[PDB]
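**Student:** Sharing my_file_12.cif (mmCIF, C-alpha atoms) below.
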```
data_structure
#
loop_
_atom_site.label_atom_id
_atom_site.label_comp_id
_atom_site.auth_asym_id
_atom_site.auth_seq_id
_atom_site.Cartn_x
_atom_site.Cartn_y
_atom_site.Cartn_z
CA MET N 1 -0.72 -14.95 -8.77
CA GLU N 2 -3.61 -15.12 -6.33
CA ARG N 3 -4.71 -13.17 -3.31
CA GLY N 4 -3.61 -15.11 -0.23
CA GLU N 5 -0.28 -16.33 -1.57
CA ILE N 6 2.89 -15.77 0.40
CA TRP N 7 5.91 -14.82 -1.76
CA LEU N 8 9.53 -14.39 -0.69
CA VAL N 9 10.81 -11.09 -2.09
CA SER N 10 13.32 -8.30 -1.54
CA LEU N 11 11.73 -5.07 -0.34
CA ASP N 12 15.03 -3.16 -0.50
CA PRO N 13 16.13 -0.50 -0.82
CA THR N 14 14.13 1.50 1.73
CA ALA N 15 14.18 4.71 3.73
CA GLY N 16 13.78 5.47 7.41
CA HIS N 17 11.32 3.31 9.34
CA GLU N 18 10.13 1.44 6.21
CA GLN N 19 10.05 -2.34 6.50
CA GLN N 20 13.38 -3.69 5.22
CA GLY N 21 14.83 -6.93 3.89
CA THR N 22 14.04 -9.98 1.85
CA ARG N 23 11.04 -11.57 3.54
CA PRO N 24 7.70 -13.24 2.98
CA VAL N 25 4.89 -10.99 1.83
CA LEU N 26 1.16 -11.72 1.51
CA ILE N 27 -0.67 -10.81 -1.71
CA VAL N 28 -3.73 -8.63 -1.07
CA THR N 29 -5.03 -8.05 -4.60
CA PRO N 30 -6.87 -10.63 -6.73
CA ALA N 31 -5.53 -12.55 -9.70
CA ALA N 32 -7.13 -10.37 -12.41
CA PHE N 33 -5.65 -7.21 -10.88
CA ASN N 34 -2.24 -8.81 -10.50
CA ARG N 35 -2.26 -10.08 -14.07
CA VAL N 36 -3.30 -6.77 -15.62
CA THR N 37 -1.11 -4.43 -13.56
CA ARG N 38 1.88 -6.67 -12.88
CA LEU N 39 1.92 -4.62 -9.64
CA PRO N 40 0.32 -6.59 -6.80
CA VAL N 41 -0.37 -4.96 -3.47
CA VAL N 42 1.26 -6.91 -0.63
CA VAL N 43 1.71 -6.71 3.13
CA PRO N 44 4.93 -7.91 4.79
CA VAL N 45 5.45 -10.71 7.29
CA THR N 46 7.77 -10.12 10.26
CA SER N 47 8.65 -11.97 13.43
CA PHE N 48 5.05 -16.79 18.71
CA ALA N 49 2.77 -13.79 18.92
CA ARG N 50 -0.93 -13.19 19.26
CA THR N 51 -2.91 -11.04 16.88
CA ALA N 52 -2.96 -7.46 18.12
CA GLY N 53 -3.93 -4.31 16.26
CA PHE N 54 -2.61 -4.39 12.67
CA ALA N 55 -0.48 -7.48 13.35
CA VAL N 56 -2.24 -10.73 12.42
CA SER N 57 -0.64 -13.90 13.70
CA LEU N 58 0.17 -16.81 11.37
CA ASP N 59 0.56 -19.25 14.31
CA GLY N 60 -1.45 -22.48 14.39
CA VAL N 61 -2.92 -22.36 10.87
CA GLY N 62 -0.92 -25.15 9.20
CA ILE N 63 1.45 -23.12 7.03
CA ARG N 64 5.25 -23.05 6.92
CA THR N 65 5.71 -19.28 7.19
CA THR N 66 5.95 -17.98 10.76
CA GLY N 67 5.37 -14.60 12.34
CA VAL N 68 2.77 -11.91 11.90
CA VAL N 69 1.31 -10.09 8.94
CA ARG N 70 1.87 -6.33 9.22
CA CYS N 71 -1.40 -5.07 7.78
CA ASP N 72 -0.40 -1.48 8.43
CA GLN N 73 2.33 -1.56 5.74
CA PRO N 74 0.79 -2.30 2.34
CA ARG N 75 3.02 -1.78 -0.68
CA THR N 76 2.56 -2.05 -4.42
CA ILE N 77 5.50 -3.96 -5.90
CA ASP N 78 6.69 -5.29 -9.22
CA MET N 79 7.02 -8.89 -8.04
CA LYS N 80 8.46 -10.09 -11.33
CA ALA N 81 11.09 -7.35 -11.53
CA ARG N 82 12.03 -7.99 -7.92
CA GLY N 83 12.36 -11.76 -8.53
CA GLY N 84 9.80 -12.85 -5.94
CA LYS N 85 9.19 -16.56 -5.38
CA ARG N 86 5.84 -18.13 -4.47
CA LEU N 87 5.96 -20.11 -1.23
CA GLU N 88 2.45 -21.20 -0.22
CA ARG N 89 -1.07 -19.96 0.44
CA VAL N 90 -2.70 -18.92 3.69
CA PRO N 91 -6.16 -20.14 4.74
CA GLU N 92 -9.07 -17.86 3.86
CA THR N 93 -9.63 -17.14 7.54
CA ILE N 94 -6.21 -15.44 7.74
CA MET N 95 -6.73 -13.61 4.48
CA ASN N 96 -10.12 -12.30 5.61
CA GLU N 97 -8.68 -11.07 8.91
CA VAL N 98 -5.98 -9.21 6.92
CA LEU N 99 -8.58 -7.70 4.56
CA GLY N 100 -10.56 -6.60 7.63
CA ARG N 101 -7.57 -4.73 9.05
CA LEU N 102 -6.85 -3.05 5.70
CA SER N 103 -10.51 -2.05 5.40
CA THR N 104 -10.13 0.18 8.46
CA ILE N 105 -7.47 2.34 6.80
CA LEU N 106 -7.89 2.05 3.00
CA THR N 107 -11.62 2.89 2.81
CA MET E 1 -0.12 14.60 8.44
CA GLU E 2 -3.81 14.19 7.49
CA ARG E 3 -5.74 12.00 5.07
CA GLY E 4 -6.35 14.05 1.94
CA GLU E 5 -3.08 15.94 1.89
CA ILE E 6 -0.91 16.00 -1.21
CA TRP E 7 2.83 15.93 -0.44
CA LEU E 8 5.78 16.21 -2.84
CA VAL E 9 8.28 13.42 -2.09
CA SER E 10 11.09 11.36 -3.62
CA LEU E 11 9.87 7.78 -4.08
CA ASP E 12 13.24 6.47 -5.26
CA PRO E 13 14.77 4.04 -5.61
CA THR E 14 12.07 1.66 -6.87
CA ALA E 15 11.97 -1.43 -9.10
CA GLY E 16 10.56 -2.18 -12.53
CA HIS E 17 7.14 -0.73 -13.18
CA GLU E 18 6.79 0.75 -9.68
CA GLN E 19 6.31 4.51 -9.72
CA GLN E 20 9.53 6.45 -9.49
CA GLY E 21 10.81 10.01 -9.17
CA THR E 22 10.00 12.94 -6.96
CA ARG E 23 6.28 13.53 -7.38
CA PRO E 24 3.08 14.40 -5.57
CA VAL E 25 1.40 11.70 -3.51
CA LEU E 26 -1.93 11.69 -1.69
CA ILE E 27 -2.11 10.53 1.95
CA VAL E 28 -4.73 7.85 2.47
CA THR E 29 -4.36 7.04 6.17
CA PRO E 30 -5.64 9.17 9.05
CA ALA E 31 -3.61 11.50 11.26
CA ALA E 32 -3.48 9.26 14.34
CA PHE E 33 -2.26 6.30 12.28
CA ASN E 34 0.31 8.53 10.60
CA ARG E 35 1.57 9.83 13.94
CA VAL E 36 1.81 6.41 15.58
CA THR E 37 3.53 4.68 12.66
CA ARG E 38 5.51 7.51 11.03
CA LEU E 39 4.61 5.52 7.91
CA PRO E 40 1.59 6.91 6.07
CA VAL E 41 0.06 4.98 3.21
CA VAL E 42 0.01 7.12 0.05
CA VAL E 43 -1.13 6.80 -3.55
CA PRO E 44 0.91 8.51 -6.28
CA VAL E 45 -0.13 11.23 -8.71
CA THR E 46 0.85 10.83 -12.37
CA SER E 47 0.24 12.91 -15.47
CA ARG E 48 -10.97 11.90 -16.87
CA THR E 49 -11.43 9.44 -14.05
CA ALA E 50 -11.24 5.87 -15.42
CA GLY E 51 -10.76 2.63 -13.56
CA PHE E 52 -8.41 3.18 -10.63
CA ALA E 53 -7.22 6.57 -11.95
CA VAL E 54 -9.06 9.49 -10.36
CA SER E 55 -8.76 12.89 -12.02
CA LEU E 56 -7.78 15.86 -9.85
CA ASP E 57 -9.32 18.33 -12.32
CA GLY E 58 -12.15 20.81 -11.97
CA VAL E 59 -12.13 21.21 -8.22
CA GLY E 60 -9.54 23.87 -7.38
CA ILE E 61 -6.57 21.54 -6.81
CA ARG E 62 -3.28 23.02 -8.02
CA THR E 63 -1.55 19.65 -8.48
CA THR E 64 -2.51 18.24 -11.87
CA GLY E 65 -2.98 14.73 -13.16
CA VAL E 66 -4.58 11.58 -11.84
CA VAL E 67 -4.36 9.66 -8.58
CA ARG E 68 -3.34 6.00 -9.07
CA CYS E 69 -5.65 4.40 -6.53
CA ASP E 70 -4.31 0.99 -7.55
CA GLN E 71 -0.81 1.81 -6.28
CA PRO E 72 -0.76 2.35 -2.51
CA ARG E 73 2.60 2.45 -0.77
CA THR E 74 3.67 2.85 2.84
CA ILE E 75 6.48 5.39 3.10
CA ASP E 76 8.48 7.25 5.70
CA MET E 77 7.48 10.74 4.57
CA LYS E 78 9.77 12.47 7.05
CA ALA E 79 12.86 10.43 6.28
CA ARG E 80 12.34 11.08 2.56
CA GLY E 81 12.01 14.85 3.08
CA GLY E 82 8.42 15.13 1.88
CA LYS E 83 6.82 18.58 1.69
CA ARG E 84 3.09 19.28 2.21
CA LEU E 85 1.50 21.00 -0.81
CA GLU E 86 -2.26 21.23 -0.30
CA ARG E 87 -5.39 19.32 0.69
CA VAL E 88 -8.01 17.86 -1.63
CA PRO E 89 -11.73 18.40 -1.12
CA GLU E 90 -13.62 15.60 0.60
CA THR E 91 -15.45 14.74 -2.64
CA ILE E 92 -12.13 13.80 -4.27
CA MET E 93 -10.91 11.90 -1.21
CA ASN E 94 -14.17 9.93 -1.17
CA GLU E 95 -13.71 8.98 -4.86
CA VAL E 96 -10.13 7.90 -4.14
CA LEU E 97 -11.17 5.78 -1.12
CA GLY E 98 -13.97 4.35 -3.24
CA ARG E 99 -11.59 3.03 -5.86
CA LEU E 100 -8.78 2.11 -3.49
CA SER E 101 -11.22 0.12 -1.33
CA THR E 102 -11.92 -2.26 -4.20
CA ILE E 103 -8.47 -3.84 -3.94
CA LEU E 104 -9.97 -5.58 -0.86
CA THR E 105 -13.08 -6.91 -2.59
#
```
Here is the file; what I need is its structure written in the form of structure tokens.
**Tutor:**
Amino acid sequence: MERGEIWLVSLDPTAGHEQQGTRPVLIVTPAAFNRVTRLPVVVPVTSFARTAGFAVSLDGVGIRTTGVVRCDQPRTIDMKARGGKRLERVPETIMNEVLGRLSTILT
Amino acid sequence: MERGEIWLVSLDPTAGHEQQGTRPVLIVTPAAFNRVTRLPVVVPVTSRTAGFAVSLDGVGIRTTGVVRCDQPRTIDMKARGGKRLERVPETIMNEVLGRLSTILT
């Protein structure tokens, strides 16, 4: 599993304001990391918006998944245990914008 | 809720190899972010620094073990009933950010 892939996966159960539901998530970590840990770091996709703050729009880039990437909510998940399913990849431009947002808070 | 604080909190329920239990976690995101979102990003503490694991030892921290810088998670600290324990020295926080940052390389 590569950085930049969108996977459909259940994030439940959750507490409080935590992002809920089965939804697309974007893989942040690279293949080697994902292979060794079996615990990729992902950010969730939620619902035609413009990029603003931690929310990066997926509109107009040629992919099937719609909405925005919530770069403020990274989570380490056991994709295999949760039964995630690979959907597609995002263009490197989107991935780099996401990495840029995460860089402001995880470094 | 500041970057560098260790809080004791229930992480459950989680799946598979994800960390579980009620354990110490280290807050990675800054106070303003934590206030606005109510959803700090934390890395868990589990029982020498090696790879993504940063040792808490030798620097006056009461919490023992290693910080798993490879396992960030966004949690609602308040909803889970987290309790603030202590704050790590900046040297430790800088080592943690150093390792954590590499997930973005």
**Student:** Residues of chain E near chain N: apply a cut-off of 7 Å, count all atoms listed in the file, and supply the list as a list in words.
**Tutor:**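 For chain E, the answer reads residues 13, 15, 16, 17, 18, 28, 29, 71, 72, 73, 74, 75, 76, 79, 80, 97, 98, 100, 101, 103 and 104 of chain E.
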**Student:** Using only C-alpha atoms, determine which residues lie at most 12 Å from residue E:85, disregarding the query and same-chain residues fewer than 4 positions distant; provide the list as a list in words.
**Tutor:** residues 1, 2, 4, 5, 6, 7, 8, 9, 23, 24, 25, 26, 27, 61, 62 and 63 of chain E
**Student:** With 6 Å on each side, where is the centre of the axis-aligned box around all listed atoms of stretch 96-101 of chain N, and how long are its edges in Å to one decimal, as lines of an AutoDock Vina configuration file?
**Tutor:**
```
center_x = -8.3
center_y = -8.5
center_z = 6.8
size_x = 16.6
size_y = 19.6
size_z = 16.5
```
**Student:** To one decimal place in Å, what is the distance between atom CA of residue E:14 and atom CA of residue N:83?
**Tutor:**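 Rounded to one decimal, the two atoms are 13.5 Å apart.
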**Student:** Of the candidates E:105, E:95, E:78, E:69, which shows the shortest atom-to-atom distance to residue E:38, using all atoms listed in the file?
**Tutor:**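 Closest to residue E:38 of all the choices is E:78.
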**Student:** How would you write, as a PyMOL selection string, the residues chosen by the PyMOL selection byres ((chain E and resi 10) around 6) on this structure?
**Tutor:** chain E and resi 9+11-12+21-22
**Student:** Could you work out how far atom CA of residue N:90 lies from atom CA of residue N:48, giving the answer in Å with one decimal?
**Tutor:**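 Those two atoms sit 17.0 Å apart.
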**Student:** Can you list, as a short mmCIF file (atom, residue, chain, number, x, y, z; two decimals) with C-alpha atoms, in the frame of the given file, every protein, DNA or RNA residue that comes within 8 Å of residue N:31 when you count all atoms listed in the file, leaving out same-chain residues fewer than 3 positions away?
**Tutor:**
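around.cif written:
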```cif
data_model
loop_
_atom_site.label_atom_id
_atom_site.label_comp_id
_atom_site.auth_asym_id
_atom_site.auth_seq_id
_atom_site.Cartn_x
_atom_site.Cartn_y
_atom_site.Cartn_z
CA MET N 1 -0.72 -14.95 -8.77
CA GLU N 2 -3.61 -15.12 -6.33
CA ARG N 3 -4.71 -13.17 -3.31
CA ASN N 34 -2.24 -8.81 -10.50
CA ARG N 35 -2.26 -10.08 -14.07
#
```
**Student:** So how many Å separate atom CA of residue N:71 and atom CA of residue N:26, to one decimal?
**Tutor:**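 If I compute the distance from atom CA of residue N:71 to atom CA of residue N:26, I get 9.5 Å.
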